[PDB]
């Protein structure tokens, strides 16, 4: 045998070095996210490519990896401060990326301005929410060919009450035209306009994320039974809703950024 046993039983040097060099850089769910990207930035390519952050195939877990090897992991449930049995609608890879990008920003802000632990955990969300680089990425994805800084467009009343009810799922069962389109993305391929709703998970992350490890979960998780509901219903009747929407897009110079007498809450973020 000889050096099979030499070769095999050998401990894995490269592993525990990289694997807990990491713990050094420690001396938190979002904190890691940030750290890890921060770390990844100090490298320069041929090297940067060997750092990856990616959901497990099951979207239950965010994994960190140097070279091939998982270095550290994170449960989404816990990352969003929500319970074990909570269901998450799947994300397309672009949605996954934004998601990840937003967590970094939460990271920065946590580790950069610890003094937002002052009254309002909201003023952390509001920080993230207010940040133009997020705003950009959200628009880039969800309304790819819209200038978020455009002047609003003013309403042109086309709506019946059967209609208004079909659009209630867009805003938690309410109707209100200054605000009815704020979770709605749209793209223009080949002179068609296609619509879809901001992925609940992201909506949650932009709107109701609360850092607390005290116990707000089941409560902060009923909110994922407002967002997944809105989302699902929309989906469940997508063809009809989009017809209406399509009508409205075209009549207001190709937006849903609809203002009504100085009120305009129809932005994405």
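Positions refer to the first chain, counted from 1.
(request) Check the residues of the deposited sequence separating residue 27 from residue 28 and report how many of them have no coordinates, as none, 1 to 3, 4 to 9, or 10 or more. (result) 10 or more residues are missing.
(request) Might you work out how many residues are unmodelled in the deposited sequence between residue 213 and residue 214, and answer none, 1 to 3, 4 to 9, or 10 or more? (result) Missing residues, residue 213 to residue 214: 1 to 3.
(message) Please compare 220-228 with 201-209 and say which has the higher mean C-alpha temperature factor in the record.
(response) So the stretch with the higher mean C-alpha B-factor is 220-228.
(request) Between 172-180 and 96-104, name whichever shows the higher mean Cα B factor according to the PDB entry. (result) If you average the C-alpha B-factors of 172-180 and of 96-104, the larger mean comes out for 172-180.
(request) Have a look at 31, 41, 233, 242 and flag the one whose Cα has the highest B-factor in the entry. (result) So the option with the highest C-alpha B-factor is 41.
(message) Quick check on the deposited entry: does the C-alpha B-factor of residue 252 sit in the lowest, middle or highest third of its chain?
(response) For residue 252, the deposited C-alpha B-factor lands in the middle third.
(message) How does the C-alpha B factor of residue 143 compare with the rest of the chain: lowest, middle or highest third?
(response) It falls in the bottom third of the chain.
(message) Which third, lowest, middle or highest, does the C-alpha temperature factor of residue 81 belong to within its own chain?
(response) Tercile = middle for this residue's CA B-factor.
(request) Check where residue 65 lands among this chain's C-alpha B-factors and tell me if it's the lowest, middle or highest third. (result) Tercile = middle for this residue's CA B-factor.
(message) Can you tell me whether residue 187 has a C-alpha B-factor in the lowest, middle or highest third compared with the other modelled residues of the same chain?
(response) Lowest third.
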